[PDB]
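*Asks:* Following this: a sequence and the matching experimental structure.
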Amino acid sequence: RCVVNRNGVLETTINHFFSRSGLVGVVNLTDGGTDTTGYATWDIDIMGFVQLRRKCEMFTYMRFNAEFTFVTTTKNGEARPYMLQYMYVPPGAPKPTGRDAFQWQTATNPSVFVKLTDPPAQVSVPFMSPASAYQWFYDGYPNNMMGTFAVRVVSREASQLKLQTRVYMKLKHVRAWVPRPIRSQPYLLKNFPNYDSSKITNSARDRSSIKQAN
Amino acid sequence: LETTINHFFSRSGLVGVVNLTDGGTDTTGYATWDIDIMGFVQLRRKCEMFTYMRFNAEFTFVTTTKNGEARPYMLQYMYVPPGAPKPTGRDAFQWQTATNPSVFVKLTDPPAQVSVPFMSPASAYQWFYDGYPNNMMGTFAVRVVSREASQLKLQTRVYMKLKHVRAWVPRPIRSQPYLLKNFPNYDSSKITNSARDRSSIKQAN
Amino acid sequence: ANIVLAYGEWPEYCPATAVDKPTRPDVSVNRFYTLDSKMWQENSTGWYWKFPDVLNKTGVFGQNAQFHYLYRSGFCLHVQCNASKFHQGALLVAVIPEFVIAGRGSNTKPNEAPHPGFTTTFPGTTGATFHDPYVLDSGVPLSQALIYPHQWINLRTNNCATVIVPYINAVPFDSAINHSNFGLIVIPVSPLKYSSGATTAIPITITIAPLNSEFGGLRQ
Amino acid sequence: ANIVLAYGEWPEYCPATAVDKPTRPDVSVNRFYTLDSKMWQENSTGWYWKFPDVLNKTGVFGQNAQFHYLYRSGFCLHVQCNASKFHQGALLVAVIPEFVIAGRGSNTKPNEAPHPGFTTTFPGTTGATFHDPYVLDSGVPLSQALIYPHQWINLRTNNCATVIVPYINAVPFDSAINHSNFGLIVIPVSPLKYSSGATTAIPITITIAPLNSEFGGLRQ
Amino acid sequence: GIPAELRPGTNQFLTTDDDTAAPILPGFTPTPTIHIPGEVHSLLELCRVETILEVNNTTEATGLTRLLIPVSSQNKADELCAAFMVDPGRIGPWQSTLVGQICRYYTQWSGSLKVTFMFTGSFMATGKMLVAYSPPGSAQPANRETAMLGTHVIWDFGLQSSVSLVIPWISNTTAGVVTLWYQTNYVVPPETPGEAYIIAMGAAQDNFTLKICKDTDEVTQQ
Amino acid sequence: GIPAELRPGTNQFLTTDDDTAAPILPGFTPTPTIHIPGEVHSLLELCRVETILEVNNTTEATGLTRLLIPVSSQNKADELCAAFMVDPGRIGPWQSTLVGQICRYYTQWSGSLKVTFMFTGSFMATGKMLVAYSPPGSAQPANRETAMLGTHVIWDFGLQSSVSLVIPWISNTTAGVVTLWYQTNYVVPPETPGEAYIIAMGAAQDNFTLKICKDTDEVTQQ
Amino acid sequence: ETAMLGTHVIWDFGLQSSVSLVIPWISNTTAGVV
Amino acid sequence: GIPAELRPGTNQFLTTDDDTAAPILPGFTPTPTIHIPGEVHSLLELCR
């Protein structure tokens, strides 16, 4: 066709640019026998996947609330009605060390008790930074930002299933400051913007001549 | 009230049938379904009555098994907007893409229900395009959320309802049968008469 | 004379968000482009024309419609059919928005089924004749083709018809080469009859006035 | 002269809940600290400076910034590049908040990958040259580095640039030793050219004015 | 935390329910509408359009010539030119018209009709015709003087060229017969064909209303 | 105890639903905000910034010299300095710019553009250049007198040092070609290099608007 | 179709019986073809 | 009989939820309070 009309001005705001329920982490649970693993923790970092990391390294400062949705499946896929405990560990509180340790019975670690046959779990985490905004680019010399996230199967004895949880993160109420360019070189590490000195990828694919329209 | 265009189109009707298998060696896993309201020949005859149309859609997803029993497995429905690439595998990266809105619902749950707005770059849809220039509404995929592979074959029914429909430039109702899906090709030989025959012109048969 | 206004609206200008203002000739394009006469006979079937590629080879309108990119105009059609007082018959003249010519065949495979050529979809300034006028060459019966703006040319009442048709499209601007907007159809519902010694063929003359034309995006 | 104001805000004082009022010198720190000239040549790559540790060894500002604990100030940068009328080339001068120098290597293991040293992250009063100016030594292309406050120093139009930059940080007070706030980058996008017999190198001079300085927590 | 109860009808998916759904794209604004001429609001605007009836639907007829009533001069006089019913939703001449195709989607209809005739013939040829409506309950009339006692218009070719016959009232629950008789004769001067045609058209009125929607059966495939 | 029913859509987790959730920490107040300069509100503020295009994206080129258009004096006259497209969301010179990287997240864009040229050369060297926009539908012009009939600016080096060419309208649905021709010649006095460069930059306008968000494909890994 | 682009009148025999074509301007100093 | 839908978060037991519960004893009035000196309202009074 030929789009002569003007488009919409609501899909370009920062709040719309970030607010959408996206997949952010995948946690594997085993709940074994001899090898007493039992639990499976997952530190909160939005830089996990390379799809939101490229969108959040576009800005220097950000400020947002988060909504976490927990979708737990089994190995084959069937959902038997077992009780599950999700636990949010605030920044500074110690991580749980065992399946039946005393960090699970601690009252100041907010837990969610939900079954496999239930709708998936959904919690909201507020702005929990000591500064006024988050910042991924810290130029200088000085651990943890948002909190740890554990999960176990509530039972007296030990179950014989292995689970597989998906932590879907949605952002809300996001504000940004000091935009910066979009990174073209591929990633090498998780917490560092290291590129490769050899094999610098050009940000524009090649053509034959400068006097053409390829 | 039953003769308005809005009442003439708004009703929850069956529009598509999707077969899922979730096999072993033959890793099919998923099953996509492009959105086209011209699928069945019952709404195609009602929408080729008008030249321009404008409507929102409600999609209801009723998934059964082969025998009929509903075991509590998690299901992912995924809407692919026009321009976004279709998923190529059961565990590809088009499923984890955040801008493809998904619905997580079980077999034992009530059937799924979503609403899709007017997503055309023009001011109205048009099936009759006289001229020379792919996709209009979006693709629709579905898979079974699981780490390993399940051993069931599903069968989903996509029931479409229209809402907020508006029409422009009416045109006559097609009497010849259909031959293709995207083209109004009739048959030159064996032209069916639009009025069944009688004996004489001077009777009341 | 009776003037049928297509859908009760007059062709008017565009009230678009383009800073490049679309040009308006008003002088050399608002003239009566007269097509050649069609020789209607006893065994005739009908004729159809695709308008934004009927006048793409003719004069100032064709030059300013081929070398531009955006196009919007209405039309004033005027069809004479001058016959004697001893001839008899009837014509049906009607405009059809988005008149898609179908293909005639009995094949259901996608790239095996027949499709109309370029000289069948876009006839040009000489028009094209129907193969099956009972289904309008589209699988749609002509008995209910009176839903369109139309007139009857009955050879015992009058000899002329006129249709003022506005711009019917979903987008207010469109390419005048890659998209035919609407078609004109004349069909001899009642055939032509005459006694021996009369003129064996009746001419049909069509004149077109491009009311309220707008062009945009001038290029080479 | 054209003055570019960084993000449209002027450096102003803090309106914090500390009873110990932060001191304001206003006399011996609001003077033009002039750095040494950089010798720009044909095969040059660029230069970058980290500001709150550029002036930590120089005079009253360095003494009052090393022996304090809390720091907040804006800056007035002024860069001359005086060349003849027969030289040609172009410079891009731009400030970048939180300019993190990346490490160059092809290792994905955590404590095996290379990291920049102390003389690369914090150059001091003598600056440091880029290794790959196409990616700003950060994996980010310089073609879209115009999103920052910036000027062009074109050797056929002018010879000077000036940038008034306020305090950009999430916390209104910060240590002036353990955290470099923002960096200055000059890059020869267009190289230097000159006929034989001219001066083979062009000097670049930078002067800094610490506007609206505030210090807190005096200690030994 | 309000107390609540779930009544029968819970978790069912009713077809014709008027219930909202959560949108897939939030904040997505569509393309703004423009003024496209020719907007339809109800189907009564598609029923009121005149439409050629296929009254010559008998056999040994080609494609187009099924739309024409033949008239000739070697037809004696006081004869029967043609006859047809006045029942839209039924197999017959009212199947090719638009009101018949529209009234097949709905199972009840009511109101008045209008059948308009038009004579396609020479200018110099005159003659009278007797168009006659016979209301439901009566069979087809056998003579012309029996037809002139029912509803009738004596329509001549000289003055009028297109007569119109209003059908007072037809319901859905024999349905009434429109006959067309040869009042005088088809007189014709020399050097002029004594063979012409009549196009019959038909439409609904402002009284025409429909109720109880349903799918059609013109489509055979699925 | 009010009666209620559960309709379809119950217990489903829609991705793009705008639904509240129970907070983990109640009564927790976060750190109060301060005035951090440089707040962005929409992405149209990131599209309106001038950005160096990579017009020299051909091969045998180093890292930085891909951003420069070469100009010399041994180039005869009325020749073709350079040519490039005006389509942000596509592989080409508009891939290194910021409006091209932003318009790849969204699948539709509309509005006008602005391409600003800047001559990096000596002060004593003058000469004219013919910058020429050719709207969509046309191929690249072959001669300079064919280009001077389209959209054109005759930009000299003496008076002006940075010309700007406004692109009237581009849609997403060949896309139009910006050519740069050698109007007169690159004249140069002695003791001055006869080799200079042109930096090309490009940005959007207030007319530029985007619709239908989607993920990008610059990232290969997952 | 080349002639219908210049100056033209489509004159029918039924309605009109005598058409008139105005010649805009001719000088004395090929001269134009009807 | 109002229509309703159940969203995610249904049937979960959040720890720090501020949600009411049905009382075991209805109409039970407790013992009325008296003025006991030395009431604390916040922990900042114990830090000073």
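*Replies:* Structure received. Numbering: from 1, shown residues only, chains lettered A, B, ... in the order given.

*Asks:* near chain C, which residues of chain E?
*Replies:* Applying Cβ under 8 Å from any Cβ of the partner chain, we find that chain E lies next to chain C at E:34, E:36-38, E:46, E:49-54, E:63-64, E:67-68, E:96-98, E:101, E:118-125, E:161, E:190-193, E:195-197, E:199, E:201. Every residue, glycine included, has its C-beta placed from N, CA and C.

*Asks:* Got a quick PyMOL command for the buried subset of these?
*Replies:* Those of the residues of chain E next to chain C that count as buried under 16 or more other Cβ atoms under 10 Å in any protein chain shown are selected in PyMOL with:
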select buried, chain E and resi 34+36+37+38+46+49+50+51+52+53+54+64+67+68+96+97+98+101+118+119+120+121+122+123+124+125+161+192+193+195+196+197+199+201
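
*Asks:* Which members of the residues of chain E next to chain C are positioned in helices?
*Replies:* Counting by DSSP state H, the residues of chain E next to chain C place E:46, E:98, E:101 in helices.

*Asks:* Residue A:142 and chain H: what is the separation?
*Replies:* Noted for residue A:142: a distance of 29 Å to chain H, by Cβ to the nearest Cβ, to the nearest Å.

*Asks:* repeat for residue C:69
*Replies:* Using Cβ to the nearest Cβ, we find residue C:69 at a distance of 50 Å from chain H.

*Asks:* quick one: buried residues of the longest helix seen in chain C?
*Replies:* Counting residues, the longest helix found in chain C (DSSP H) is helix C:59-66. By neighbour count with 16+ other Cβ under 10 Å, helix C:59-66 contains the buried residues C:59, C:60, C:61, C:62, C:64, C:65.

*Asks:* what does stretch A:162-181 give?
*Replies:* A:163-171, A:174-181.

*Asks:* for chain D, what are the nearby residues on chain A?
*Replies:* Going by Cβ under 8 Å from any Cβ, the residues of chain A near chain D are A:60-61, A:131-133, A:135, A:137-142, A:178-185, A:188-189, A:192-200, A:203.

*Asks:* Give me the buried subset of those residues.
*Replies:* Neighbour-count burial (16+ other Cβ under 10 Å) applied to the residues of chain A next to chain D gives A:60-61, A:132-133, A:135, A:137, A:139-140, A:178-185, A:188, A:193-197, A:200, A:203.

*Asks:* At the contact with chain A, which residues of chain E appear?
*Replies:* By Cβ under 8 Å from any Cβ, the residues of chain E that approach chain A are E:27, E:28, E:29, E:31, E:32, E:34.

*Asks:* Highest neighbour count among those residues?
*Replies:* Top of these by neighbour number is residue E:31, holding 22 neighbours under the definition other Cβ atoms under 10 Å in any protein chain shown.

*Asks:* Just give the nearest non-adjacent residue to the residue of chain A found nearest chain B, would you?
*Replies:* Nearest residue of chain A to chain B: residue A:22, at 3.0 Å (Cβ to the nearest Cβ). In space, and not counting its chain neighbours, residue A:22 is closest to residue B:98: 3.0 Å by Cβ to Cβ, 6 or more residues apart in numbering or on different chains.

*Asks:* Touching, that neighbour and residue A:17? I think so.
*Replies:* No: Residue B:98 sits out of contact with residue A:17 when judged by Cβ atoms under 8 Å, with a separation of 11.6 Å.

*Asks:* Number of residues surrounding residue 134?
*Replies:* Let's take chain A. For residue A:134, the count of nearby residues is 19 (other Cβ under 10 Å).

*Asks:* Sorry, I should have been clearer: chain E.
*Replies:* Neighbour count for residue E:134, taken as other Cβ under 10 Å: 22.

*Asks:* Now do the SS call for the closest residue to chain E within chain A.
*Replies:* Residue of chain A nearest chain E, by Cβ to the nearest Cβ: residue A:8 (3.9 Å). With DSSP: H, G, I helix; E, B strand; the rest coil as the basis, residue A:8 sits in coil.

*Asks:* What are the neighbouring residues in contact with it?
*Replies:* By Cβ atoms under 8 Å, 6 or more residues apart in numbering or on different chains, residue A:8 lies in contact with E:28, E:29, F:209, F:211.

*Asks:* Now for those: which two are most distant?
*Replies:* The span of the contacts of residue A:8, defined through Cβ to Cβ, is set by E:28 and F:209 at 13.5 Å.

*Asks:* ok so, going back, is it possible to export the contacts of residue A:8 to a markdown table including distance to residue F:220 and secondary structure?
*Replies:* Shown next, in a markdown table, are the contacts of residue A:8 (distance: Cβ to Cβ, whole Å; DSSP: H, G, I helix; E, B strand; the rest coil):
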| residue | distance to residue F:220 | secondary structure |
| --- | --- | --- |
| E:28 | 29 | coil |
| E:29 | 33 | coil |
| F:209 | 30 | strand |
| F:211 | 27 | strand |
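
*Asks:* Closest one of these to residue E:129?
*Replies:* Nearest member of the contacts of residue A:8 to residue E:129, counting by Cβ to Cβ, is residue E:29, at 61.2 Å.

*Asks:* what separates the closest one from residue C:112, distance-wise?
*Replies:* 43 Å (Cβ to Cβ, to the nearest Å).

*Asks:* do the same with residue C:28
*Replies:* For residue C:28, the distance to residue C:112 equals 48 Å [Cβ to Cβ].

*Asks:* Which stretches in chain A count as helices?
*Replies:* Secondary structure of chain A by DSSP H: the helices cover A:14-18, A:53-56.

*Asks:* need the residues of chain C near chain E, please.
*Replies:* Residues of chain C lying near chain E (Cβ under 8 Å from any Cβ): C:6-9, C:85-90, C:97, C:132-135, C:141-144, C:146-147, C:152, C:154-157, C:166, C:168-170, C:172, C:189-190, C:193-195, C:197-198.

*Asks:* in terms of contact, does residue A:28 touch residue A:40 like I think?
*Replies:* Yes: with contacts counted by Cβ under 8 Å, residue A:28 reaches residue A:40, the gap being 6.3 Å.

*Asks:* Mind checking which of those two has more residues around it?
*Replies:* More neighbours surround residue A:40 than the other of residue A:28 and residue A:40, with 17 against 12 (other Cβ under 10 Å).

*Asks:* What's the separation between that one and residue A:95?
*Replies:* Using Cβ to Cβ, residue A:40 is found at 12 Å from residue A:95.

*Asks:* which residues are common contacts for these two?
*Replies:* With contacts defined as Cβ under 8 Å, 6+ apart, the residues shared by residue A:40 and residue A:95 are residue A:150.

*Asks:* how near is the residue of chain A closest to chain B to chain D?
*Replies:* Residue A:22 is 24 Å from chain D, where distance means Cβ to the nearest Cβ.
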